[PDB]
Structures are given as C-alpha cells and as structure tokens.
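Have a look at the structure below, then the notes.
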Amino acid sequence: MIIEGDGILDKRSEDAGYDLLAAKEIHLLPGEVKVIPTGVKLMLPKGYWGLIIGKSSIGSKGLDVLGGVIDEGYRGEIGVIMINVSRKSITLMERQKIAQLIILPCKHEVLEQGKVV
Amino acid sequence: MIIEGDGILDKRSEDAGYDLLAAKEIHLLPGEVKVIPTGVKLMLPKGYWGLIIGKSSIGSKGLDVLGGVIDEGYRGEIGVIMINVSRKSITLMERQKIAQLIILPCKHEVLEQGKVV
Amino acid sequence: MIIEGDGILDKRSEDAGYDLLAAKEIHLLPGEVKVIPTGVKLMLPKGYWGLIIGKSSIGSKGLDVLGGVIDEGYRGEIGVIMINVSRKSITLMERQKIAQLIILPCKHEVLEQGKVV
Ligand SMILES: [Mg+2]
C-alpha cells in the first residue's frame, strides 16, 4: 500500500503488524493522555481497516493505547493516543517503537429493525 | 442483521464500525468504572463476533473501553464497560457516541495437546 | 492447533475466543502492572495471529489487558500484561479466567513510498 513518511517499518510476512515510531520525544506524567505523532499517512487497501494496538514492550511499562481505529478512508497523519496509567513518569524517545498497526477485513451489514429472538 | 433499539447507527460501507450511543447521562470520577447502557440488542451474522472499541473523540478525553467481545450467540442488551483513567471528572451526555462495534470473522481450532517445537 | 499446558480451555465453535487462566495467585494494588503467567505455549495456524483481550467479568472490576498481540511465530509461554486501573486492590486466584485469546487472519502489504491523495 502507499504510505508517506518514515515512521512506519516494513514487517516480515509472518508478523501481524507494522511497528509505528514516535516522531518526537514525549513526556507523560501519571494520568496524562497525549496524542503522539508518527509522521505517517497511508492509503489502506480497499476492503480493510487498521487496528492500532500497543506493543508489549511499552505495555509492560504501564502505557495504554486508547481509541485505535483507522478507517479505509483516513488520509490524515496517524497519531497514537497514549496514556500513562502507571504511577511513574515516563519519557518516550524520538523514534521509539510505540505501537503496531494491524490490517483487518471489513464487514458491512445493513441494519434491520426487528425483534431479536 | 436484525437489531432492536435506536442506540446504534447505520455506517457507510467504507466504515469499519457502527457508532454506539449512551442511553443515558453518566458521570465518571477519576478511577470509576461503569457499565454504560446503549439500549440495543442484536443478532450477529453466523460466522462472526463483534469487537467494541473506543472512539478517538472519547479516548482523547482519557476514557477507555474494557472487555469488548460480543459472541455471535449474545442476545442481551449491549452495555459498554468504560473507565475514566484521566485525572478529571467527565460527564457523558445521553445519546453521546461512546464506542464502535466492529464485525470480525470467527476461527475455530481444535486444541491438540502436544509439544510446541 | 498444538498447545502445551492446561491454562487454556476448549471453546464452543460459536465462541470467538478461548479462556485463559491465571497460573498462580496475583495481587494488584491500584496502578500496578504485572505480567500474569498462564503456563500455555502454542503453535498458531499459518496465516493467523492471536489477539488477547479482557473478559467482561474482570473488566468490570477495573482491570485492563495491555499489549495483546501473539504473532504466528511465537513459541514462548503466554503471559498476560494486566493493570489495576481501579482505586481498589484486587486478588486474582490461581486458575481464575483472566482473558481470552481470539484467532484472527493476517494481512501482508508491501509498503510503497508515494504520495497519499
Ligand atoms: Mg485499555
């Protein structure tokens, strides 16, 4: 797929997702939420959406990823919403791997008002 | 698919998920977890399950969605488990968009006790 | 699929995921993150990855699952990264169901540097 930016790395065919990198150093105090810039824009393949999920390396530090849905039509830069849910202050260095983008298939169902049985 | 209730909106074919709406006003203090009612019941299509995930608009306020698996067989009303992980009190207004329901395919594997190599 | 260990249970064909069990009693104070051992190792089927997600029963207690991606190639024991984001201390008993493993398909896209339009 077409991407713009160097904040996303090539993955092995066997890997489920692509690593995403912090475009700049971020400091997070306990309880702080910040939208971390990655500098990448992309064109997701038709029929799919992207799921942003946290890396185990950073999750084990007590940092979570919030939100996380990139719709096929999104064309803006990708920012990752992160919160420090631990009781310690953390510094994310520039170009540190902060999350992963995983491509998943889309399913459209029409909604029919009825009576669930 | 068959649904009952007006707490879920039609999505564009290109969107990955359907927006879910709070059935009533909810107040969340820092650290509080509450199960927010949406008023909708549904019949998921055979072969799929539903993933409830948070909206970026609310995730950026420091609210997270916990749990989040709706099995094909679930027939009860959908409630979203939300926590305020920020250091500020938040009020969710009635019929505010609080999360998204995304339909994903099911995979059944039999479990074979062996030796992973 | 081949698994080793008794910390994972057989699921009904209709269920989206398999329940994962704590291999030992864990105590979590508010704000603490711990990697909970399950004792299981597995060989995921080629073409898929596994998503670890939290159970509604434990999510409603204010416990979250962080990280959560098992790549097809992972051969080590599965540990679940959990945090107590509530304001109350919690004890997870040995062999308590703490999360679910859901098998999802893999999608590989080559990355092409271009201009997103
Ligand atoms: Mg979370």
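In what follows, every chain begins at residue 1, and chains take the letters A, B, ... in the order their sequences are listed.
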Check: every donor-acceptor pair under 3.5 Å linking chain B and chain A:
{"residue": "B:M1", "atom": "N", "partner": "A:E109", "partner atom": "OE1", "Å": "2.8"}
{"residue": "B:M1", "atom": "N", "partner": "A:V110", "partner atom": "O", "Å": "2.5"}
{"residue": "B:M1", "atom": "O", "partner": "A:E112", "partner atom": "N", "Å": "2.7"}
{"residue": "B:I3", "atom": "N", "partner": "A:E112", "partner atom": "O", "Å": "3.0"}
{"residue": "B:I3", "atom": "O", "partner": "A:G114", "partner atom": "N", "Å": "3.0"}
{"residue": "B:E4", "atom": "OE1", "partner": "A:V116", "partner atom": "N", "Å": "2.9"}
{"residue": "B:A16", "atom": "N", "partner": "A:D71", "partner atom": "OD1", "Å": "3.1"}
{"residue": "B:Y18", "atom": "OH", "partner": "A:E109", "partner atom": "N", "Å": "2.9"}
{"residue": "B:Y18", "atom": "OH", "partner": "A:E109", "partner atom": "O", "Å": "2.7"}

Measuring only between side-chain heavy atoms, which start at C-beta, is B:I3 closer than 4.5 Å to A:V116?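 A side-chain contact is absent here, since even the closest heavy-atom pair is not under 4.5 Å.
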Between B:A16 and A:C106, which heavy-atom pair has the shortest distance, and what is it? CA-SG, 4.2 Å
Considering residues at least two apart in sequence or located in another chain, which fulfil the side chain to side chain contact (heavy atoms under 4.5 Å, CB included) criterion with A:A23?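 Scan of A:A23 (side chain to side chain contact (heavy atoms under 4.5 Å, CB included), adjacent residues dropped) gives A:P37.
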[X] portion near chain A, given a 4.5 angstrom heavy-atom threshold:
{"X": "B:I102", "result": "side chain"}
{"X": "B:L104", "result": "side chain"}
{"X": "B:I53", "result": "side chain"}

Measure [X] against the heavy atoms of chain B and call it side chain, backbone, both or neither at under 4.5 Å.
{"X": "A:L51", "value": "side chain"}
{"X": "A:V33", "value": "side chain"}
{"X": "A:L111", "value": "both"}

Quick check on the interface: out of A:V65, A:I70, A:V110, A:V35, who has the most heavy-atom pairs with chain B under 4.5 Å? A:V110
Which value, rounded to the nearest 0.5 Å, describes the distance between B:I58 atom CD1 and A:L66 atom CG? 7.5 Å
